[PDB]
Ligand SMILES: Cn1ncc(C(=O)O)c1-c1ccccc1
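Just the one chain here, laid out as structure tokens, in the form solved without the ligand.
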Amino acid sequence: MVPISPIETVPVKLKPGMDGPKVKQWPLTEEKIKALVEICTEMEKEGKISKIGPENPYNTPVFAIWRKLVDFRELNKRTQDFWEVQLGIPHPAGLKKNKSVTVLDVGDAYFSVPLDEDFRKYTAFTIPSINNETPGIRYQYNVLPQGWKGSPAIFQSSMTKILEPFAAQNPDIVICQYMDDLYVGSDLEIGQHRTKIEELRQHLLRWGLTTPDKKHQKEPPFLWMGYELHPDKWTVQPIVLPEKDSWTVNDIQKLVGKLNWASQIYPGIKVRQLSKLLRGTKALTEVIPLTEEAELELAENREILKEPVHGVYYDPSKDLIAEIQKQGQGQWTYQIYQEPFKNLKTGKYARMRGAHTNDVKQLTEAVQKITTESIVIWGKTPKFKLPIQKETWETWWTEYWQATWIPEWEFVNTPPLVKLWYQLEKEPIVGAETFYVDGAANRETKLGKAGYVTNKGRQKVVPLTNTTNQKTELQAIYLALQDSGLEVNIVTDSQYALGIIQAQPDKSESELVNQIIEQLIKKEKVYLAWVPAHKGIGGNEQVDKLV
């Protein structure tokens, strides 16, 4: 016999202060008992388990479909935490094309990785005897059991340590481990490739691990995690949008899931209106009618998804480019590619929940998201193509009160273009009328007043019902904007309104803020000055609006 190299065991402990499992065995039928006796006898002959005496106080239930199924849920609850088998799902657009990709079944190695000797006693299980007239057959595992918490991590780490020298001494090949399958890609000739496959089978045989010689079951196109992986391209598995006379909640969740999934390769997918119908819904079974916007969006999606689209694999010798387009209502779409018309992948970004916003902040956030995704998938930041002029961005970040930065990018003339819709003056405007604004409201009756007095003697006070102090301050500024010329100075004491306007929104939840924004767009020059309230600053008339 050729000596087999031993696989180093991983030391395993239980969670602190906890003991091993002690679950009572369910009574089984005589047939199931016989089946489990045969299966366990074969496994004992193979070395996966061993018989133990009565001094082992631990026990884990065992079932039959025959096939043996040990329910390790209690031991899993009591087992220590391990390092994750994966910190994320690989994305197909990061894969590098290979002339050959071979699949090897290392499933038989799963039962060949030994379990920590001091931990085997916790895996004990009992086969019930016929008619329960003899003691049940006591077994314990010697290898990583299927279903135990630590089996995938210990198996993957053991396999990695085994493959490390082979991968190191063969840098011209790529070996990936996924579950009980190894994937070996290379650009070598098919003969040299199959040769190095045989060398890998020998190196694995040095640890007694057996690779099936007969032809495998997996072959292009690889179906994996909702993806189709082809020799030269990748895509998502076929996305079919169902025809429904009426849509329930789970149909809209299935639809938004299919559209989100498809949006990574199909460009222009929108999900705003369909996701909006799931607002504040608690029932999975409720039927919700479709808005007209949801119908138009769904039709656009059906037109985008009418024929297949494929992404290309990554080529590290070419540049990485990411282009963004604004879609409207806080929606953005983007394409990542290296050659024109050949996308690596696509995606979308929706604006965050907020009371006020503008297009520049959203484009910034989308750029950061794409930067992070691109560092994940490819380990580098792409060059950006953005629908915003260089001078627009320069004005923005030079005048914005926050620090902000976008990495290397170039302007692409694809409407709608992101622009600044208004810019407030830095100094008071000579010759422009000065509007002193103020508003106030009663906390009990919700009655208020908003208005202005100007240096030319112009005045206005408007009474308001169902209002607040903040609303009357905004309404006062709005009245000043309505009644002034193209250039106007505006004096307020509202720290609230100044906090809003200085954030430079172009869209808001408040219709009043949106009206103020439209007025600001219509103006040529607006200087907004703040003063402390109740300080006797004349012009600032608190009493005129508190009557």
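Heads up: residue numbers just count along the shown sequence, starting at 1.
In what follows, reference is made to the form deposited with the ligand bound, a form of this protein that is not presented.
**Q** Let me know the one among 361, 270, 120, 471 whose heavy atoms come within 4.5 Å of the ligand in the entry with it bound, would you?
**A** Comparing distances to the ligand in the entry with it bound, the residue within 4.5 Å is 471.
**Q** Let me know the one among 42, 511, 55, 31 whose heavy atoms come within 4.5 Å of the ligand in the entry with it bound, would you?
**A** Only one option qualifies, and that one is 511.
**Q** If we define contact as a non-hydrogen atom of the residue within 4.5 angstroms of the partner, is residue 479 a contact of the ligand in the entry with it bound?
**A** Residue 479 belongs to the contact set for the ligand.
**Q** Applying a 4.5 Å heavy atom distance criterion, does residue 137 contact the ligand in the entry with it bound?
**A** Residue 137: no contact with the ligand in the entry with it bound.
**Q** Could you confirm whether residue 515 comes within 4.5 Å of the ligand in the entry with it bound, counting heavy atoms only?
**A** Contact with the ligand, yes.
**Q** Is there any non-hydrogen atom of residue 298 lying within 4.5 Å of the ligand in the entry with it bound?
**A** Although the ligand is absent here, residue 298 would stay clear of it in the entry with it bound, with no heavy atoms inside 4.5 Å.
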